[PDB]
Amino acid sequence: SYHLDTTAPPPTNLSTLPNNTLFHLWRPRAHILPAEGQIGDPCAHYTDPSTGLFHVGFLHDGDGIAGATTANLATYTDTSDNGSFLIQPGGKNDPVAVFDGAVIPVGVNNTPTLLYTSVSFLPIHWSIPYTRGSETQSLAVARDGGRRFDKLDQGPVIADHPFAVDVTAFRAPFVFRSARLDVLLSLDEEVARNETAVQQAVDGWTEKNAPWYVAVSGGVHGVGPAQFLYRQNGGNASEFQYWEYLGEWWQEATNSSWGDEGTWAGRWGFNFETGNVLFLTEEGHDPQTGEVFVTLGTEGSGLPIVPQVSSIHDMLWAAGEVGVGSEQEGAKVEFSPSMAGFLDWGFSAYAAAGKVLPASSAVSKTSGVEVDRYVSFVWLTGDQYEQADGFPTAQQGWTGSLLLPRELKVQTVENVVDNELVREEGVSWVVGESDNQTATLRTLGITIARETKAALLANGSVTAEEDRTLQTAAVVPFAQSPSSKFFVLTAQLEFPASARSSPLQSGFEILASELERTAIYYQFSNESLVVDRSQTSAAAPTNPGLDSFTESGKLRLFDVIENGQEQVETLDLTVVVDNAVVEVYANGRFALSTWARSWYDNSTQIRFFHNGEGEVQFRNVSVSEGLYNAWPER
């Protein structure tokens, strides 16, 4: 008879324990996840026009889409009990399953309408033959508060993938409006060429009567991944039955990749998944002025291939312009990347689903936000996309979570020295202005939704640490560490120009006791923020299901002129440890998330870390403990 004692050594085999015995050990408190069970792709978010409430959706137990609503973006309420589902398979269009979908706020009967992938056959994978009719796109209407979506009584409105095209996947429709797509499709061919005449048209565009675009994700066997573009037939905002196919507005060659060696934004892989089309400004989201950005998951594989297995699940993003399809009879429009990166460098991070959050939303009024934002929710699969080695799933009682809501916008890096570090090929940024002297850079901005960040530090205890410098190898525990695994660690690290060339590794050690620790440090050798999990869990050695491989992402610290003086860019860190869920943010442009399933309650020590190689200066190091409860009503 074994009752869980986390002050004692864990059992050698966690999978033998009784169901739900591990329900709270690693569970987060300020993250979006169902009351119990498993959570899949987040999807179907939308601001309810009538109430201003923001709805969040996500696949649940592989049995359809479930939901919840929020008024502040800080706290949530399940739409209903028993799973809080909104729609599930069993219909004539989705007899086998219900995949990712999106919502048009004012659609059929002027109510929230869901366009989603209705599934009729399984399995479905880029590495195996595609069964005709596997995935179709259907409509459902929100009924009784967005607390339930009723499938319209008719077949799918997009009943088949492009004609005779041997697609690898046809799913995850995402709806959006675009001033530039309307102009490009409305103008002439020799007139919609000059950016002069086009811009002039874009200036008149009006969002409220604009038609809707639909980007469907997948690829084509033998040719490459791609996104399939559609739009209300004839550009008629009142048409929801027929969608004119606009072509493969974006495609890449099989397992090709950004940059010559795929260093900043993985590989395009074998198939595109869960595409999101955004229009960003330096302040937020604007479908008329915003630059086109696209977030998407790409599925990779090493050789030889393992049927129905995707070894790599990259959570990428790209930005670029959209233009006419040249002079040949193909895609009406074409997305051309100028830069690309990672929305989250976590192995387990994937399938993002975001949405525009209007300044007119209840969330924004209450909070006082004056602009439109685009909030993104990244998935953090709990069992390595179901390839885990016997994770004690029955013992935990749940699987996966969503990462903290994030605001996406155009972020600029000013006063940057225009050197080889800024002119490299295939990077995740473009030079704004450059006198050949300083260059302002433009890149994707990634930050925690402000209301959520406020709620995290809202009643937490604050403990600062004196600025410190380290030269010789050392591990210096904080003057005082939290006594729980719920906290926000923030710090600024400064390095000497001389460090770029050294084997320097500097950061912190968290969730640490004598038998456990988790390392988070910056590395110049490959300029990478690294999360060393080799010692995170005393239980991992004997429980292979608890993955302990290293996680890391690329982050380049540029040479800049701060006070009429040059210097290596300051590494601005923000680490949120919401229990088994850890998220590493850096310079309002980086994000790396992973699981840190430490076992003992004692493992809460925090230490400064430096490997002697080089020199580092820590500044403004502080810790806020407590976070908050994202689900009061539970």
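Throughout, rigid core stands for the largest set of C-alpha atoms superposing within 1.5 Å between the two forms. When you see a residue number, it is the position in the sequence shown, counting from 1.
- Task: Once the rigid core is lined up, would you tell me whether 429-437 or 358-366 has the higher RMS CA deviation in 4 other deposited structures of this protein?
- Result: The answer is 429-437, which departs more from the shown form in 4 other deposited structures of this protein.
- Once the rigid core is matched, which of the two stretches, 288-296 or 320-328, lies farther off on average in 4 other deposited structures of this protein by C-alpha? Evaluated in 4 other deposited structures of this protein, the stretch farther from the shown form is 320-328.
- Of the two stretches 448-456 and 199-207, which shows the higher Cα B-factor on average in the entry? According to the entry, 199-207 carries the higher average C-alpha B-factor.
- Query: As stated in the PDB record, which stretch has the larger average Cα B-factor, 412-420 or 97-105?
  - Reply: Averaged over C-alpha atoms, the B-factors run higher in 412-420.
- Residue selected from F508, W126, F558, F549 by maximal Cα B factor: Among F508, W126, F558, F549, the PDB entry lists the largest C-alpha B-factor for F558.
- Query: Of the options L185, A539, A394, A215, which has the highest CA B factor as deposited?
  - Reply: The listed residue with the largest C-alpha B-factor is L185.
- Item | Ranked C-alpha temperature factor of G222 among modelled chain residues, by third | It belongs to the middle third of the chain when residues are ordered by C-alpha B-factor.
- Lowest, middle or highest third of the chain for the C-alpha temperature factor of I606? Lowest third - that is where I606 ends up once the chain's C-alpha B-factors are sorted.
- Query: What third of its chain's C-alpha B-factors does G614 belong to: lowest, middle or highest?
  - Reply: It falls in the top third of the chain.
- Rank-wise, by C-alpha B-factor, drop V363 into the lowest, middle or highest third of its chain. Middle third - that is where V363 ends up once the chain's C-alpha B-factors are sorted.
- Which third of the chain holds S593 when residues are ordered by C-alpha B factor: lowest, middle or highest? Answer is lowest: the recorded C-alpha B-factor places it there.
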